[PDB]
Amino acid sequence: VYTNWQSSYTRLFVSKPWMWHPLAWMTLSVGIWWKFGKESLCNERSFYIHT
Amino acid sequence: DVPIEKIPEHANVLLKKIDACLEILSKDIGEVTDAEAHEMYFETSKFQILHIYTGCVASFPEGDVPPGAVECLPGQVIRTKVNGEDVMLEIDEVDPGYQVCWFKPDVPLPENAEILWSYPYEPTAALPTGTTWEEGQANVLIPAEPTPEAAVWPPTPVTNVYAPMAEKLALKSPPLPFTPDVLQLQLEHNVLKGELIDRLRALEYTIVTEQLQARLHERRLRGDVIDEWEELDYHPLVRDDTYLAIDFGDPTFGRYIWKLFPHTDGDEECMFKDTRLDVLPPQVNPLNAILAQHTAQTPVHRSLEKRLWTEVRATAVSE
Amino acid sequence: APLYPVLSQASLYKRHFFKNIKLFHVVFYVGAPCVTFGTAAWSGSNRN
Amino acid sequence: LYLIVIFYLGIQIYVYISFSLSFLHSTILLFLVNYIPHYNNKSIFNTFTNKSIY
Amino acid sequence: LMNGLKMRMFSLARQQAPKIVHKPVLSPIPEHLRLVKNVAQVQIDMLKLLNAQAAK
Amino acid sequence: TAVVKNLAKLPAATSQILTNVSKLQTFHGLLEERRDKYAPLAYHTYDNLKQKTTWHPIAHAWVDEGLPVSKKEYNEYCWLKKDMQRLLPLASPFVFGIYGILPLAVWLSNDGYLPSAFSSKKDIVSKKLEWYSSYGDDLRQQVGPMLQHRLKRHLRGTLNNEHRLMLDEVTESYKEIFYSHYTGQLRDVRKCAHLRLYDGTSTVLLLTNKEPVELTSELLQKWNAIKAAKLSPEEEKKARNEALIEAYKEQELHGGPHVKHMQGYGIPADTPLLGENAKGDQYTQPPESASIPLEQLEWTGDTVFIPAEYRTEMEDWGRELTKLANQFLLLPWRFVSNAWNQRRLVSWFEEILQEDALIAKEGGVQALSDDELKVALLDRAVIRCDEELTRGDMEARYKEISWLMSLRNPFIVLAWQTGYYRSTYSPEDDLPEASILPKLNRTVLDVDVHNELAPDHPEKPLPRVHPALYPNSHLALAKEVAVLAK
Amino acid sequence: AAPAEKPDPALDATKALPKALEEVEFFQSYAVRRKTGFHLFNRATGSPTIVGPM
Amino acid sequence: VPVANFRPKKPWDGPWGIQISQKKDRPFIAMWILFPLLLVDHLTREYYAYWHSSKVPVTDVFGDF
Amino acid sequence: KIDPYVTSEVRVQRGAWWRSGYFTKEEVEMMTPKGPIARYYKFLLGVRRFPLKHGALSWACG
Ligand SMILES: COCCOCCOCCOc1ccc(C(C)(C)CC(C)(C)C)cc1
């Protein structure tokens, strides 16, 4: 008997917002780092603040 | 193409099948007794296990313990050999004003002591003999295990009015006291015949799931271990609905049972019971509610007319 | 006549060793070496 | 110290979870309160349609 | 049970095969089929009697 | 493989594709010419949140009773519309480039992805049956059970809240409709109609020059009688308005229409006068139509259907249930709002209703062939090709779903349909054993549609009474008797 | 709005403290000890310590 | 004639139940291999900077340097 | 998009439109949209076109 549980991960992901939640979480965290933490900490011009 | 006399043959076939199923499913696996499965019940006791094969165990009043005696308090586990049987004795509820201790032969017993059981002197022996609890030395209780009444399904009654008439025919050999309406009887017969065949097909459909569950139980009775999902495949109709419930992703349960079967509402242990007999389908004929509404709407002269319609039909068949 | 790839008794006997773990069987058994040789006691003391 | 630590941190985690959910209720989920009473149907076996009139 | 003592005795022996207990299984299928049998016998007696009347 | 086999006929298929497009254009011209003068204006309506359109068959699915068309020609029309839908991958090279030919190869691989022109068969019925038995029944047999579960879990709800959402009177009917694959017993369609008890009462407000009036069986009967009498319009309109004012008085005595006291709907009272505009005790300002005398009550020709589907409405279904309903019916479902899939489902519904009308014009179900009836039931999604039923069972199935679709509710339709797609597989080879009883046979007489059935009480189900056992059944079943004996 | 839900006993709190006390009683059951080999240095007053007997 | 609502298995019926069990116990098996690997990753580790360190371990991810 | 019966579904009860005389003719007129798209569509009522069922094709054609 057909189930996306055992036959399609894509339709399972589409049919469950609680599967979208971790992906949105990941995207938002990476966007936060890109906007705020990237240039202020990780760039070579801004890496001496770690001292 | 299916006469009505051929039905009870089919019923006998399906009875044989479901009996072959139930004689297997009537069997069940009891509690396991392998000590290797329960060794950790004794490993985890509040006291270390006493491997007792020498000396004696004695009951004596509470107070000072004789020096050298090993106290045997409630919760104490004792590996011994009793009448050739390797056993574990767990102390439970020693009486008040009394205590129990293992006295090796080196240890002298106190006054007012009662030897509950003793061991023989066998120092050269490699495999000790243990004890011999005589009749009256120890009262061992086997559980009664009273097998309750076998759960019987209620048989519904069936009034066969025509068997007395067949007997009357055999006596005489009119036979009847009334004028049967052959059309209405062939009507009920043709309708009822299909309802019986359609019922047998539903029972054969259900027997398939019983002779599947029984084929698996044959393996379970041989001692074979069946996976949780391997066992579900032998319940295919439930396997499908269970797999779809997994696809939806709602692992909750309990209120669905309480709505579909309201006799279980408030019963937390509904799954661990069999209340199908407390709730059976009623034997009410809904046709009575229909015919009553039919007479209430019609007048009386139409009721008397129907006696004319029937009588004229008899004369029409006569001529 | 099972139509599925029937699994031997010994294979189930071996898989039961892996799936019959309880939570404490992991927690304490892995926490003892971890707490002893971890950032608290030994590795931490050494490396700090 | 083990008991103290675990009791305190379990209390704090319970506080975090329970208060987070109570505030989820009081802040975000009261928007979605839509109670519909049950109205009995009568025209089950027959439905008026465009063809009934036109 | 002993004088001044109560105990629980457990055996120590490997269980080579499972222990069977006859717990009869309740099912409605046999009574379904017996009801079918009875109704069919009613109709069969009915048909035999009606044939005897119509022919005799 | 099938790729080269279909490339071999791709040159021979373009001519047939264009011919089919021309046929579709001609038929649509005829149908729209009739629709633009005989059909009413079904206005567009937005959902409760007022962002996307919502669709219902009562307003949007119109049936041209009097369409001078053969049933096979309408089958051709619908099948060629579906072929136009299937021709969409031809646009992939014209939007992606020359490298947009691998989608075209995937299209040409499976024959089920393709339109009619790539088929060797000629008759529309044989072509449709080939497509079904090759691709469509298999595609449908893997959506049925999951759709059934979604419908169930739409009624009973999520997270153990059945005591708050389900009804205790639809319980046994729910069980018989959704869990009869456990028992193996047949189902009564009326027990699926009982699922409408989850909803409210469906009403129809006729809009007049004064007030809206609720339609009733009595008013509709009178209007049908006036329509049958074939009177002059000076008399027709007079009698219609007489019945209308009678019904207006009747509902005013009842306590107004049902809609005034239903959550989500309502009729406003007279408007209020604010502050100094209040003239003493007269705090209200009645409308203009209050000046009109009640004897001049005339029907505006405008109607308002209110299904009152509080639990069944397609809006609350969701992103997933709509897609699965369109999958199960072999309709397009991907990458669209639920409004567009709602329209697609309603269009399928309209097609099936028009086909039912044309079948009834052509002499019922018995006039059809065996393959034609099989294909009709496949379109209705009540048969799978791995059954091999009898003719009587097929006729009863058609009658069942035709009556169920006459009620204009997709939810109960899908609940009925999904019950015929719950098939299991055994793990053993010997089991299931070969049966001893004959194949299942039925007749049109065994289907009870002409009688009402009250919902059986919870855990007190009643046996099924055949229609023939009812009084005066030989008089009620005389039409079916005449159709079958002939 | 006015649903009239009966009380659910599963939402009550009449088992948590009993269960915790059952766990603590199972813990303390393993403190039962025999008289032989018993010694515990009490305080200078003669009163027992806290950590000693546990 | 066969019994109704029964059919042979198909590819879209998914794997059997025993296969799903074999899928389930793979994390439980990898647990025994990964927890020792976790302990080894922690125990066989060395710090990356000291007060005397003139250099720090660098890892060019894409070889741009 | 023209008829204020449909452009008022967010704010106004549908019963206010079923009650004849609740809204007057001038009142219904001021509620109609006046923009150039509304006027284009008003002109387009009497224009021949090629209607389709409301869905993905009517949208793709724009
Ligand atoms: C998971 O929950 C279990 C946690 O329970 C921990 C309980 O810890 C307290 C146990 O410590 C004691 C306290 C007192 C005692 C004995 C000293 C009861 C008193 C006695 C033996 C003198 C009667 C023994 C152990």
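Convention: sequence-line order gives letters A, B, ...; per-chain numbering from 1. Just so you know, these numbers use all the heavy atoms, side chains as well, and skip hydrogens, waters and symmetry mates. Just follow the structure's listing: the first ligand is 1, and inside any ligand the first atom is 1.
Taking atom 18 (C) of ligand 1 as the reference point, the nearest protein heavy-atom neighbour is G:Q28 NE2, 4.0 Å. Among protein heavy atoms, the minimum distance from atom 5 (O) of ligand 1 is reached at G:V24 CG2, 3.9 Å. In this structure, the protein non-hydrogen atom closest to atom 2 (O) of ligand 1 is G:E23 CB, 4.3 Å.
A donor-acceptor pair shorter than 3.5 Å can be found between the side chains of B:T129 and B:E122. A donor-acceptor contact closer than 3.5 angstrom is absent between the side chains of B:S59 and B:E114. Defined by atom type and a distance below 3.5 Å, a donor-acceptor pair is present between the side-chain atoms of B:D250 and B:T252. B:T242 and B:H235 share no side-chain donor-acceptor pair at under 3.5 Å.
Put simply, the side chain of E:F10 reaches to within 4.5 Å of the side chain of E:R8, judged on heavy atoms.
Geometrically, G:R33 does not engage G:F38 in a cation-pi contact defined by less than 6.0 Å to the ring centre and at most 45° from the axis. Note that B:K104 lies in the cation-pi zone of B:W102, set by a 6.0 Å cut-off to the ring centre and a 45° limit from the axis.
Close contacts of ligand 1 with G:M54, meaning ligand atoms under 4.0 Å from a residue heavy atom, involve 11 (O), 12 (C), 13 (C), 24 (C), 25 (C). Ligand 1 places these atoms under 4.0 Å from at least one heavy atom of G:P53: 17 (C). Atoms of ligand 1 lying under 4.0 Å from any heavy atom of G:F27, numbered from 1 in the order shown and given with element: 10 (C).
Put simply, atom 9 (C) of ligand 1 has no protein non-hydrogen atoms near it, under 4.0 Å away. Remark: atom 12 (C) of ligand 1 lies closer than 4.0 Å to at least one protein heavy atom. Atom 22 (C) of ligand 1 is not flagged as protein-proximal [any protein heavy atom, distance under 4.0 Å].
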